[PDB]
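Down below is the structure, laid out as structure tokens.
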Protein chains: 4
Amino acid sequence: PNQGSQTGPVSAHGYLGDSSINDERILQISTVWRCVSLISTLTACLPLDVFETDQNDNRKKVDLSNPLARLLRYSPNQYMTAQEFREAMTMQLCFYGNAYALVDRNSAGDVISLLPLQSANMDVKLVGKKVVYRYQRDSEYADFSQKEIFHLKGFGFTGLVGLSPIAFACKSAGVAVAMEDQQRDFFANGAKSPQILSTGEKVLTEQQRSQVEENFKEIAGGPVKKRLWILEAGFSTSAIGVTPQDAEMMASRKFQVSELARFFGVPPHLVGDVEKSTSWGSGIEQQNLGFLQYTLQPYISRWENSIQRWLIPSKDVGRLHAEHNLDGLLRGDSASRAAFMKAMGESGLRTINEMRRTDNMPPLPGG
Amino acid sequence: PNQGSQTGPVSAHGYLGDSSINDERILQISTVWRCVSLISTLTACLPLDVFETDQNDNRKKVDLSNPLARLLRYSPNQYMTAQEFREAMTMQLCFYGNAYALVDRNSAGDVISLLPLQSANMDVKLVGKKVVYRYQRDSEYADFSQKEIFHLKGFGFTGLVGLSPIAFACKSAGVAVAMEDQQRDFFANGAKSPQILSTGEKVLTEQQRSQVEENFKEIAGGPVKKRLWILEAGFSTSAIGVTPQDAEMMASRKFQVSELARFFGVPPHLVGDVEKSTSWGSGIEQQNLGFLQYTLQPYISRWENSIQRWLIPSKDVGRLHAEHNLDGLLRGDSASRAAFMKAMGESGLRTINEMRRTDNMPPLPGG
Amino acid sequence: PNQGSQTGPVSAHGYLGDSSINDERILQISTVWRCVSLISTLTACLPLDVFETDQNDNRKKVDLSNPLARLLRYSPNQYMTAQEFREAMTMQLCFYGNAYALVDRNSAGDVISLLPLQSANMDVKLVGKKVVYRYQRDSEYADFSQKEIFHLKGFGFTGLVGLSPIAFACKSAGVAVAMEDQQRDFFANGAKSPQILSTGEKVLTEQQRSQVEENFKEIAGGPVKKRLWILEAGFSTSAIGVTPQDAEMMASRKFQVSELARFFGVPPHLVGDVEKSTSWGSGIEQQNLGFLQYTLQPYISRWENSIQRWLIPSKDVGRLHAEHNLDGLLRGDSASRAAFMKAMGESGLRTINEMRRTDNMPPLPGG
Amino acid sequence: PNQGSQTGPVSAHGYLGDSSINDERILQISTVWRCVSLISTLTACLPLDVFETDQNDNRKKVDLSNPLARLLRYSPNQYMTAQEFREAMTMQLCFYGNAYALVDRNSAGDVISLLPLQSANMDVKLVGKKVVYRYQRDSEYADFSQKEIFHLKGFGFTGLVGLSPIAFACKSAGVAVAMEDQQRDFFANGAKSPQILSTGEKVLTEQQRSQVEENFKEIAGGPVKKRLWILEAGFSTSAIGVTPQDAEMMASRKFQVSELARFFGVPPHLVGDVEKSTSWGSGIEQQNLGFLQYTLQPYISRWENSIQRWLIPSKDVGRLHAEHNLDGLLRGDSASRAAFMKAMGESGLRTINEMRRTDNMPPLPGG
């Protein structure tokens, strides 16, 4: 609307008969689980460093004595490590479009803790010319201002809240769930679709017409135990199921793997889909680079920009910024590392000690 | 018309029986979602910098003390970061043809805020020789002059407004929706199309002719639970559905992925379509370069040209411009970077300190 | 004719039963949309510069102080940017064969504005030895001479107006529309072609012969809801539709993608057709070069030559011209750039400062 | 004949039942349109220069002060640019075998204008030992001599007029039109070939035998709306159509694409036929070169030779000639350009300034 709740659909809601569609069931799909896990665990394991630029535009990375460095690297909470906090926030940002944390600042105004909150229990509202965060606890709601909340948004519209990938992926997930349920039911029931007859065309409706189905029912509900009796005439026709043999129920599942991988941006070859890459190619420095350029960079940029805007004071814009170290993801090949160091050292672009530090080895006299 | 609303169709409107077609349902298609998300997130993650050319044509990038740089880099609003604003605007520009923001200038005339507005609630009109923006709020309209709005247009005709990709994609999207709905309904109902008969050719219309369908009805509507009873004569003929087994319902869905990817310019290999690229090729410097040259460059140019025309004063045409930094997208291979630096340094085209800055390293005495 | 309207068919007109053929419907085809969009956006995002040749044949590009450079680079109108104007004109020139703008000159004869007009509302006529442009407004026509009009033409005959690609694409577009409509209707109605019988061969025309079809009617018009009752005899025969399974409704749709791509000249691999290129090849400097040499060059040439003939005075033929900068489309590979600069530097064909300006870097002392 | 009209068939004329064959319908085929457009637009966008050879056989290109240079480069008419005139003449030469323009010379005898004429309204005749050009206007004919006409001929026999490709391609075009019409009709009518019966073998010819077909007729003429009623016996046989499923109606259309591409000389890989080239190969300098050597060179040579013979005075045979600049078509690869310049400069075959001029860059002191 214009003045109410800016959040759209947060959770997936679908019925599809007996098997329903919801957040947990969607996350039980191997593809969705893999996508979300991959993004969150890669993002949170990537070293994050605070830098203090000087008047000359020289960075001079800071150490844990700095409260922001300590908050982001060692202990954002009393409960979890920095990695756990970043994993939780990134995965809320992946599954939903948003991630929320409660900020806690000391009197000076320097942030001293960040407690992650649960998306799907928060509602973003406009009340006048202000944003209110309404968080549902068990019994009573909690209203928060812009300042109390550290908010990582997705790519949604209005620039006020990110669209929910889980809610917009509910129909692809629904068809995937339908196919998986049908396959499970088919292979549970001795691998066939059923058929039953206990009368003809007005044979008898008062004799020998109640228990015969119960002699037949054990294929209607009984997976494999036994029952085998068919009327003399012989119908030999199926009723509810066509054979998997040719209905490409496997090509359909592969295509649905691709369809769901689309909703999160991970390439199909990275989710084990044997779709794009025939064996590993010539990458690891270009495969990783493409993955970063097309999938990860939005999340890294979101983290860094939100940190600078909402966590770093407005006086320390410049002279302080958080940045991810991408060396491990863009590492090398262990034979191109030597070539890179040789090129850098024979051009005067690096000192021996600068390259020795990259490998965590003590300085030499003359580097 | 000649004096009315210049905007054409904005939103998708289709019926297709029960399942209707509209903005949200189309955005629930994995292909459209992935195209829009990729374009918007890539565009907004590009560093955007303000340059101050001098009399000698020397750029000398400006710092955040500059109001335009601070607006485009740090804080366009009190609500969102700069990346969030750019993502929202580029999303409205991808989904529809247009993106609108409410401008706010101080008395001096320097833009001090940009608040994004929602496409799908704005109408562009010609009233006399003037352009009016009519924005639908909850109860009342709001009319805006051309100075109050920052407008990024698509590629439509008349140069006054861009055509809506969502409105022109409504029929391809409709056929995709139809195929997905058909597949879901098939796999929900035990994987078959139904068939029912409870009479013959004028058998009896007053006895045993009301409940027998209800004994049969649970395949017509009842997905899988159970019912299996067929009249003695034996028809065993399908009624509404031909088997998926051979109707290439999977090749149709793949071709529709391609058809919907066409409407947004992203190559099918980048949307996870396993269509063009058989494994990753030799790109990342040439794949990414083609993506930039054929898909992204229009959005970058639109941003830069709109900023210079509408946001930069008319006196500062030259001496100020906004420009995207494409070095992250066109990065390299981490082994070609060393070769490039060696070539530049040994040819006299770069100093050591200039290349060390690229890597964010301190200057050396003699670079 | 010899003296009447030179314009041929401007718009597509077709009936094809219910679904009609017109400009909008053809533009809703993904192929046409992508071809037109690609050409227009690539053409308009191309830097366009005004050069002032001297007596020695030295160009010495001009800046925005020049009225022509300011017109073509910054502000052709009060409504739109130069890129928006060029996109509109190029897209009219792509969809139709012709693009028209109303010129506005000051007393000095120097052009001060160019307002784009709408093709499909203008008719080109000969009246004596003169060309008249008859533009249809809402109620009253407007007649324009040659001087008032900036006209880009296509490749038609008579050299007075370009043929309309949309009109000549009306039949291939009609086949595309027919196939898409058939597929959409097939998948909407539960995936089958219909069949109905409520009598035999002269059975009864006065009893139980009116409602039975209404019982059957829900497969004839009712997409999926339900109805299933078939006469005892048993026909099980289709009536209007053959199965997609083997009629290659997919090969037909792909071939129609190629057929419609032909009408605009864009290669099939550039429109997402997975037809020519097996993954991206070794181009970007040879794929882009082929695209330019076979598709784009006519539009660039038309723009430049029309500007020189019509917008630049007759005295300034030589000493002023407009030229697109193609170094963005023909960029390089980021590793071949260094090789190219090394070759141009060790040959004496370039100074260091000349090659450093290309990258927008300050001059060095000795370049 | 020997004394009448030398022209043979100019236009295509065919009936083929309802859908006729004519110039416009043949040009509505995507293949023919693409071939003609490609040839004409490539030919007319190729720079054309007038050269003034001296006593030593040195060329010394002339500037626009020369009337022939001005006529061919800037303004052949008051209506169109040089590019438009060349496009129109070349496309008349492509579609037909001939292109005609009315010459207009000043008193001195120097050509001052060329007005293109419409092929298909001119007749070439022998009257005595002279050629007469009889041009049909609306009401009266116009007789012209050899001198008043600038005539580009095709490759026909008698050396007096070129054979018409459009008239000799009428049967391949006819079969293409037949296949396209049948496909459009099939997919319009719900995708089937029809069948109707309303009687048996002498059942009744005076009762219930007039409206039953009207109950059936809506598949005979009614594409998809509805009608489904079949006589009890059951014929279930088609009448006019065999299935597309196996009649290779797509292989036939591909072969017809090749057949029509043959009539104009463009390679199938250049018209989007996915026939010869599997992805782009290693050309752009050899692909373009082969295209030029086998397709374009006849048109360039025709233009140049006709200009020299009929436009340049008979005294200025030698000392004046027009020639196309093929640098853009034969451009290079942007990495072989540097190699070519290096080879030319290190052999003494080029001065630095000569190669710098190729790139439009000012002379250096020592080139």
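Residue names in the structure tokens use chain letters A, B, ... in the order shown, residue numbers from 1 in each chain, and ligand numbers from 1 in the order shown.
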
Item to check | Within 7 Å of chain C: residues of chain D, using only C-alpha atoms, as a PyMOL selection string | outcome: chain D and resi 28+30-31+33-34+37+41+45+79-81+84-85+87-88+116-118+137-138+184+187-188+190-192+219+226+228-232+234+236+243-245+250+271-272+274+278-280+284+329+333-335+338+342+352+356+362

Okay, now the selection with C-alpha atoms, as a tab-separated table (two decimals), in the first residue's frame?
chain	number	residue	atom	x	y	z
D	28	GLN	CA	7.36	-11.25	-48.20
D	30	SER	CA	12.02	-13.92	-45.16
D	31	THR	CA	14.77	-15.47	-47.28
D	33	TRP	CA	13.89	-10.16	-48.16
D	34	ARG	CA	17.09	-10.98	-46.30
D	37	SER	CA	18.41	-6.33	-48.13
D	41	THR	CA	22.68	-2.38	-47.79
D	45	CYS	CA	27.28	1.51	-47.24
D	79	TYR	CA	15.36	14.02	-52.49
D	80	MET	CA	17.81	11.48	-51.10
D	81	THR	CA	21.35	10.95	-49.87
D	84	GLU	CA	19.72	6.04	-50.47
D	85	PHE	CA	20.24	6.38	-54.22
D	87	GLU	CA	20.59	1.36	-52.10
D	88	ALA	CA	17.60	1.89	-54.40
D	116	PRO	CA	16.26	6.52	-59.99
D	117	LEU	CA	13.45	4.97	-62.02
D	118	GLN	CA	11.24	1.99	-61.24
D	137	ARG	CA	4.04	6.54	-66.24
D	138	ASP	CA	0.40	6.64	-65.13
D	184	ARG	CA	-0.70	-21.45	-41.59
D	187	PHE	CA	-2.21	-24.40	-37.30
D	188	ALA	CA	-5.14	-21.99	-37.65
D	190	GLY	CA	-6.93	-26.38	-34.40
D	191	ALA	CA	-4.15	-28.50	-35.96
D	192	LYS	CA	-5.93	-31.10	-38.05
D	219	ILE	CA	-14.60	-27.71	-38.75
D	226	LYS	CA	-16.34	-25.66	-31.72
D	228	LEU	CA	-18.01	-32.19	-32.53
D	229	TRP	CA	-20.60	-34.70	-33.79
D	230	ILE	CA	-19.86	-37.84	-35.84
D	231	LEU	CA	-22.22	-40.44	-37.28
D	232	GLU	CA	-22.67	-43.64	-35.28
D	234	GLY	CA	-17.64	-44.22	-37.48
D	236	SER	CA	-12.50	-41.63	-38.61
D	243	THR	CA	0.02	-35.41	-40.98
D	244	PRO	CA	2.93	-32.93	-40.81
D	245	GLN	CA	4.39	-35.34	-38.27
D	250	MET	CA	10.15	-28.63	-41.87
D	271	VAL	CA	20.99	-15.69	-44.26
D	272	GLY	CA	20.59	-17.38	-40.87
D	274	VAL	CA	22.27	-22.79	-39.78
D	278	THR	CA	28.45	-24.45	-37.23
D	279	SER	CA	28.93	-21.36	-35.09
D	280	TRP	CA	31.11	-18.64	-36.59
D	284	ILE	CA	35.67	-12.22	-40.67
D	329	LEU	CA	34.37	-5.15	-45.08
D	333	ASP	CA	40.52	-8.64	-36.27
D	334	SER	CA	41.84	-5.74	-34.12
D	335	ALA	CA	44.80	-7.96	-33.19
D	338	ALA	CA	48.63	-4.38	-35.20
D	342	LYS	CA	54.13	-3.86	-37.64
D	352	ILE	CA	54.34	5.99	-39.60
D	356	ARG	CA	48.39	6.80	-38.58
D	362	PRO	CA	47.27	13.56	-36.66

Checklist entry - Neighbours of residue B:307 within 9 Å (only C-alpha atoms; same-chain residues fewer than 6 positions away dropped), as a PyMOL selection string? => result chain B and resi 150+321-322

Next on the checklist: Write out as a list in words the set of residues from stretch 43-150 of chain D that DSSP, computed on the backbone, places in helix (DSSP H, G or I).
Outcome noted: residues 43, 44, 67, 68, 69, 70, 71, 72, 73, 82, 83, 84, 85, 86, 87, 88, 89, 90, 91, 92, 93, 94 and 95 of chain D

Checklist entry - Counting only C-alpha atoms, what is within 12 Å of residue B:67, bar same-chain residues fewer than 4 positions away, as a VMD selection string? => result chain B and resid 50 62 to 63 71 to 76 105 to 106 108 to 113 311 to 312 320

Export, as a compact mmCIF listing (two decimals), in the first residue's frame, the selected residues with N, CA and C atoms.
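So the final result, stored in again-v3.txt, reads:
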# COMPACT_ATOMS: atom_id res chain seq x y z
N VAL B 50 31.89 9.84 -9.48
CA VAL B 50 31.70 11.16 -10.06
C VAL B 50 33.07 11.76 -10.33
N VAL B 62 36.17 12.65 -7.70
CA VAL B 62 35.81 13.47 -6.56
C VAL B 62 35.54 12.58 -5.36
N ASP B 63 35.52 13.19 -4.17
CA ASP B 63 35.28 12.49 -2.92
C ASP B 63 33.85 12.72 -2.44
N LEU B 71 25.30 11.57 -2.88
CA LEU B 71 23.95 11.12 -3.20
C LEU B 71 23.98 9.79 -3.95
N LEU B 72 24.89 9.66 -4.91
CA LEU B 72 24.91 8.47 -5.76
C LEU B 72 25.67 7.31 -5.15
N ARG B 73 26.49 7.56 -4.13
CA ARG B 73 27.36 6.53 -3.56
C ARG B 73 26.99 6.11 -2.15
N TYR B 74 26.50 7.03 -1.32
CA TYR B 74 26.30 6.75 0.10
C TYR B 74 24.83 6.76 0.51
N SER B 75 24.11 7.85 0.24
CA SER B 75 22.78 8.05 0.82
C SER B 75 21.92 8.86 -0.13
N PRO B 76 21.16 8.20 -1.01
CA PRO B 76 20.13 8.92 -1.76
C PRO B 76 18.89 9.22 -0.94
N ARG B 105 15.61 18.97 -4.13
CA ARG B 105 16.75 19.88 -4.19
C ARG B 105 16.68 20.88 -3.05
N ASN B 106 17.86 21.31 -2.60
CA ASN B 106 17.93 22.45 -1.70
C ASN B 106 17.76 23.75 -2.49
N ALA B 108 19.74 25.99 -3.25
CA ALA B 108 20.80 26.18 -4.23
C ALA B 108 20.51 25.47 -5.54
N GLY B 109 19.66 24.44 -5.53
CA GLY B 109 19.38 23.65 -6.71
C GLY B 109 20.14 22.34 -6.80
N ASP B 110 20.94 22.01 -5.79
CA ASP B 110 21.66 20.75 -5.78
C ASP B 110 20.75 19.65 -5.23
N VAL B 111 20.65 18.55 -5.97
CA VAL B 111 19.76 17.46 -5.57
C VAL B 111 20.22 16.90 -4.23
N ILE B 112 19.32 16.87 -3.26
CA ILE B 112 19.63 16.36 -1.93
C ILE B 112 18.90 15.06 -1.60
N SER B 113 17.95 14.62 -2.41
CA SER B 113 17.42 13.27 -2.21
C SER B 113 16.70 12.79 -3.46
N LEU B 311 20.25 15.50 -13.35
CA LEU B 311 20.73 15.75 -12.00
C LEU B 311 21.88 16.76 -11.96
N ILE B 312 22.75 16.74 -12.95
CA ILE B 312 23.88 17.68 -12.97
C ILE B 312 23.39 19.03 -13.50
N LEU B 320 31.82 17.65 -14.67
CA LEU B 320 31.19 16.68 -13.77
C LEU B 320 30.51 15.62 -14.61
